[PDB]
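Fold and geometry: a report
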Amino acid sequence: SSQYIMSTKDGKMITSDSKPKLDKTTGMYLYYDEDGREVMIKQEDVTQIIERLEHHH
């Protein structure tokens, strides 16, 4: 239900409907894209992970 957004050091922004899972072996954050499969983003490229809560449930 919560909405996730990741901010990239370069200034970009990325959304996801699932909590991105950090893979310490590769320092890669796995997450799911809109209408699609999983995708990868480097841990070091991510400045923050933002959770936006749902309240109208």
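The record lists X-ray crystallography as the method behind this PDB entry and 2.50 Å as its resolution.

1. Observations concerning the UniProt feature "domain: Lipoprotein YgdI/YgdR-like SH3-like" (unreviewed entry) in the chain
UniProt records the feature "domain: Lipoprotein YgdI/YgdR-like SH3-like" (unreviewed entry) at residues 3–51, using the numbering of this structure. Across residues 3–51 one finds 0% helix and 59% strand; the C-alpha atoms that close the span lie 6 Å apart.

2. Concerning the sheet that holds strand β2 (residues 13–16)
Here we have three strands laid out as an open sheet, ordered β2-β1-β6, and antiparallel in their pairing. Each of the sheet's edge strands pairs with one partner strand only, and the pair in question is β2 and β6 (46–52). The average angle at which neighbouring strand axes cross in this sheet is 20°, direction not considered. As paired strands, strand β1 (residues 3–8) and β6 are joined by six bridges and run antiparallel to one another. Within β6, the residue paired with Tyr4 across the bridge is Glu51.

Scoring rules and cut-offs
Residues numbered from 1 in each chain as written, not as in the entry; some residues may be left out. Heavy atoms only, no water. UniProt positions renumbered as here; feature names shortened; annotations may be inferred. Helix = DSSP H or I, 4+ residues; strand = E, 2+ residues; numbered from the N terminus. Pairing = 2+ DSSP bridges. Axes fitted to C-alpha atoms, helices over the stretch in contact; angles between N-to-C directions.

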